[PDB]
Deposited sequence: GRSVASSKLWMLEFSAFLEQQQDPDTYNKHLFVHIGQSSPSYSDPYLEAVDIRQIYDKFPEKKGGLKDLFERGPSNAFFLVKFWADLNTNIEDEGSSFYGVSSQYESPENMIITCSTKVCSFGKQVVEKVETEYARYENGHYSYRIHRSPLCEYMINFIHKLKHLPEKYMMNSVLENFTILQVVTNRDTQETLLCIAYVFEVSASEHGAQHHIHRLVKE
């Protein structure tokens, strides 16, 4: 399906999942959210835009916050992803996040992922990634990064809510900000603001991508 790309970096894959080991040779994987999974990832200009001012309150403010990052640019690196998450799933559990990126440039990149409540940072995961040459480009992979305990707790609490509409009510004030940076130059390669609802679709998890624009 649709993914996100700036001039310097393309995110081809993103997934968060729960993997259960039934026995040493049998694994069951449930995807909560996914980009570039059920169909090959792509990027094209047929994107619609969202006024970034409409979402500033849902993300960290001040120096290094969303407004500061957007103002510093480049504007073509900024996206809003809405996920309709698939929460229908059941020691031997592993909660993971995987992602993959491509660039024409050989860089050392840093990926900062901030989980936010009412626009306030609760936890941050920071990962450093080196390039691998592949089919005429450089690839970067975060493979099966353990989901932090806050998110495991959050998902447990969500599933313990008696009604699905309650889950949506909680999700309205839960956001994730992903900022991928060239470590040396500090250039913003990708900045993705994530917003969530629960999926009601028979096909499971879904996503919509929007460009973020000034007005």
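- Absent C-alpha positions map to one deposited sequence range, 91-94.
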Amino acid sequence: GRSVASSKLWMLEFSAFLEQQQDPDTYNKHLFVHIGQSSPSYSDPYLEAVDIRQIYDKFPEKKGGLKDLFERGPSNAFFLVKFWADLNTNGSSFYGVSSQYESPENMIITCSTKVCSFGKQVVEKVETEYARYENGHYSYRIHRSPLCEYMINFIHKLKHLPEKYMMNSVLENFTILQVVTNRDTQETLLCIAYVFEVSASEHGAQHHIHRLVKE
From here on, numbers count along this sequence of modelled residues.
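- A summary of the deposited B-factors shows that, of 197-205 and 5-13, the stretch with the larger mean C-alpha value is 197-205.
- Here the stretch with the larger average CA B-factor, out of 18-26 and 188-196, is 18-26.
- Across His34, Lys58, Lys159, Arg53, the entry's maximum B-factor at the CA atom is seen for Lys159.
- Sort the chain's modelled residues by C-alpha temperature factor and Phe70 lands in the middle third, per the entry.
- Among all modelled residues in this chain, the alpha-carbon of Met151 has a temperature factor (C-alpha) in the lowest third.
- Annotation for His137: C-alpha temperature factor in the highest third relative to the rest of the modelled chain, per the entry.
- Among the modelled residues of its chain, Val180 has a C-alpha B-factor that falls in the lowest third according to the deposited record.
- In the PDB entry, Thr128 places in the middle third of its chain by CA B-factor.
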